[PDB]
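Novice: experimental structure and its sequence below.
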Amino acid sequence: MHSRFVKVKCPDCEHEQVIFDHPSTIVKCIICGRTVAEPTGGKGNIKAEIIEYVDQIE
């Protein structure tokens, strides 16, 4: 229902990034532009190693 913040890190990029949990659009690494998370068929899934929650609220 309510969206939350989640901190993730690119496995290939190895860089840390913050994306939304279960987004709508494809998440491209702000670094190079590699897929870090895919919305797939309903319910977005993070295709990266999740670290924890971020303090960066909405």
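Specialist: Perfect, I can see it now. Numbering: from 1, shown residues only.

Novice: can you give me the strands for the chain?
Specialist: 5-9, 16-20, 27-28, 35-38, 45-46, 49-52 (DSSP state E).

Novice: nearest to residue 58, of those strands?
Specialist: Evaluated over the strands of the chain, closeness to residue 58 peaks at strand 5-9, with 6.9 Å, by CB to CB. Quick note: C-beta positions are derived from backbone N, CA and C, even for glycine.

Novice: from what I can see residue 43 touches residue 24, true?
Specialist: No - in this structure, residue 43 is not within contact of residue 24 by CB atoms under 8 Å, at 11.0 Å.

Novice: just put the strands of the chain in CSV and tack on distance to residue 58.
Specialist: Compiled in CSV, the strands of the chain are given as follows (distance: least, CB to CB, whole Å):
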stretch, distance to residue 58
strand 5-9, 7
strand 16-20, 9
strand 27-28, 16
strand 35-38, 17
strand 45-46, 18
strand 49-52, 17
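
Novice: possible to save those as a markdown table with mean neighbour count?
Specialist: Listed next are the strands of the chain as a markdown table, based on neighbours: other CB atoms under 10 Å:
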| stretch | mean neighbour count |
| --- | --- |
| strand 5-9 | 16 |
| strand 16-20 | 17 |
| strand 27-28 | 17 |
| strand 35-38 | 19 |
| strand 45-46 | 16 |
| strand 49-52 | 11 |
